[PDB]
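Encoded as structure tokens, the following chain is the form solved without coenzyme A (COA), with no partner shown.
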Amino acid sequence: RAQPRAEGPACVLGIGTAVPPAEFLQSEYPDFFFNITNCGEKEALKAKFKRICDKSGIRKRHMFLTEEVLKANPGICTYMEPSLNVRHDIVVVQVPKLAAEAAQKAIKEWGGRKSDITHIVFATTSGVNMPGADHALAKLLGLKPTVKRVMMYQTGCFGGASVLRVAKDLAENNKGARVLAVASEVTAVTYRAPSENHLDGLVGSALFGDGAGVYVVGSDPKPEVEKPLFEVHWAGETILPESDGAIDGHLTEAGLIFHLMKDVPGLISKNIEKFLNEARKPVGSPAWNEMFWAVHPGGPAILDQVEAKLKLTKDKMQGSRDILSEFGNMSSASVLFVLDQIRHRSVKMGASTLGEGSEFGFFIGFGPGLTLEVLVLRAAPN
């Protein structure tokens, strides 16, 4: 073994959640969104967006698009117009910068020197660049020349789960590796004008928000210096049956489009239980009401049907709803923010653990093809 490996499970030694300073209220978001894209006269589709938005358990959204950014880059405000260049410039400058702010927060919470960073796992559903957002983050923080970078471009809404799994494997295979598990998401390539022909786009626009979640992932933290917040224990996927084009994401010239070929909320909601009913076996299979739910907030249909089909307490899935209301669906970063909010609720309410008292939890991510990216985490004591 030329390169020594770790001897412990991957742990989250620091959570850094960075959002753009601009904030939007979902009470006023439909009007602003139908005004800024100059598509506010579609009264019936406007009312449909209203119904989705107030159905969506969303109150606030953080985006870098603001207003000055949106007018400075008008190509995003259009629908089905080739604009990947300007969106790509936006994500190239900002996704590394949002990731760097989140990484500075996660480092200050982590305490370790930036020179101790050796790995960067980076999932972005927004933009692509061969010079690298991972390399841009490595330069911005000035970690080290010897920085191994794994860049998982175009990961779906399970991108946060995929980053957690890949960073877990990276940290558990390299001794002393300090993986910067980054899931920075800036909804500039997915942002689009509302179109009735694409209702999944309407669901995304009512749900998608910007957010940078950075985890300092590593094994065997230094005692009294590095503290662990969550211990990743399991990771797996499953292409659930009847998953044929349910969610289809094509990064066209117009950006990233979640083309509507199926009822995404209903299909994902009815298919969630399948892999969940078996993914909890290695833990010891505790009660379903003895586990917190770091579920990706993919829309209130998912939470409602998961609650109905597993008969969970209303407070069990409250952290996902809280992140949905405060930030929305931030794609890969959404589930990382859900975990951070679960820890915040635990410390605010004085919970026994960082998972609102539950020793284990589901780091659920779902995306195109109904891959059920599921990680089981152990919350650190509070």
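Numbering starts at 1 and follows the sequence shown.
What comes next is about the form deposited with coenzyme A (COA) bound, which does not appear here.
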Just checking whether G298 would be counted as a contact of coenzyme A (COA) in the deposited bound form - the rule being heavy atoms within 4.5 angstroms. yes
Evaluate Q318 for contact with coenzyme A (COA) in the deposited bound form, applying a 4.5 angstroms cut-off between non-hydrogen atoms, and reply yes or no. no
Under a 4.5 Å heavy atom criterion, is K48 part of the interface with coenzyme A (COA) in the deposited bound form? yes
Although coenzyme A (COA) is absent from this view, report whether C157 comes within 4.5 Å of it in the deposited bound form, heavy atoms only. yes
Could you work out which of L256, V121, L207, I272 is the residue within 4.5 angstroms of coenzyme A (COA) in the deposited bound form, going by heavy atoms? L207
Check each of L199, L267, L310, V86 and return the one that places a heavy atom within 4.5 angstroms of coenzyme A (COA) in the deposited bound form. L199
Any idea which of 78 to 86, 185 to 193, 105 to 113, 259 to 267 reaches within 4.5 Å of coenzyme A (COA) in the deposited bound form, heavy atoms considered? 259 to 267
